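The chain below stands alone and is given in structure tokens; this is the form deposited in one PDB entry.
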């Protein structure tokens, strides 16, 4: 694989957001005798700035090492100014908006499907000793009505997301697979709530107080008990009492099959 892509193969479409380094666009990758392929394009305004270009392109390098159906893929890079990273596009956009609009048209089976797919991605990351640290519905994208994906790891960063974070992450800056399991538990809660944020109206400071007192997000309406049980397990104060993503995958499979 040569990841460098000729600039003329890319047509820049609309801005669909932004990150630390600049704007994110949707567009198209064109190639001889092929259908145009829809893509996301990260831009770096004032790249080179040589140190800036380095950390920008490191975002591509992070994505490059991963190969999973439920994690967005790197297509390629343009390493001349202005520097761009070319990623797979998920055409239906962000999960939260998707869940809010399609609420009365989504069944419970689909919502569990999304948590299952994601857990397979996270079982994949854990087996590569990779720690995401920003698992949250805000960072999941919708590829098809029956397909969600973790988005770019670079664009996922920043909020300290106190409301999603494991206690040992907040208190002592420890970030492991176990703290990832905490955040996933929150992410499934968001999914079952159809994109409502955790701890609405609660100040960040109040949030750590509440979790130490043993308070947890409530069971969503129409969440099956076994699923909420699995969730609360993700929120064991003791990091080693939480299931691994391997276990989460296995249990969600059977819960999903049950609901179908």
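C-alpha atoms forming the largest set that superposes within 1.5 Å between two forms make up the rigid core. Residue numbers count along the first chain shown, from 1.
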Notebook entry, point to check: Within the set of other compared PDB entries, does residue 135 lack a model in a third or more?
Noted result: no
Notebook entry, point to check: When the other PDB entries of this protein are compared, is residue 84 left blank in at least a third of them?
Noted result: no
Notebook entry, point to check: What is the count, as a class, of unmodelled deposited residues between residue 92 and residue 93: none, 1 to 3, 4 to 9, or 10 or more?
Noted result: none
Check: When the C-alpha temperature factors are averaged for each of 83 to 91 and 172 to 180, which stretch ends up with the higher value in the entry?
Finding: 172 to 180
Notebook entry, point to check: Which of the two stretches, 16 to 24 or 237 to 245, shows the higher mean Cα temperature factor in the record?
Noted result: 237 to 245
Next item on the list: Identify, among 44, 217, 192, 40, the residue whose C-alpha carries the highest B-factor in the deposited PDB entry.
Entry: 44
Check: Which third of the chain holds residue 131 when residues are ordered by C-alpha B factor: lowest, middle or highest?
Finding: middle
Item checked: Assigned third (lowest, middle, highest) for the C-alpha B factor of residue 160 -> highest
Margin query: Where does the C-alpha B-factor of residue 198 rank in its chain, lowest, middle or highest third?
Written below: lowest
Notebook entry, point to check: Thinking about Cα B factors across the chain, which third does residue 70 belong to?
Noted result: lowest
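Just so it is clear, the following notes concern the form deposited in another entry, a form of the same protein that is not shown.
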Checklist line | Displaced residue between this form and the one not shown, judged on C-alpha after the rigid core is fitted, out of 34, 213, 65, 222 (threshold 2 Å or more) | finding: 34
Check: Does residue 145 count as moved between this form and the one not shown, where moved means a C-alpha shift of 2 angstroms or more after fitting the rigid core?
Finding: no
Check: Does the C-alpha of residue 82 move 2 Å or more between this form and the one not shown once the rigid core is lined up?
Finding: yes
Note to self: How about residue 243 - superposed on the rigid core, does its CA move between this form and the one not shown by 2 Å or more?
What the structure shows: no
Checklist line | Cα-Cα trend for residue 35 and residue 146, given that in that other deposited form the distance shifts by 3 Å or more | finding: farther
Item checked: Cα distance between residue 144 and residue 35, which in that other deposited form differs by 3 Å or more from this form, closer or farther -> farther
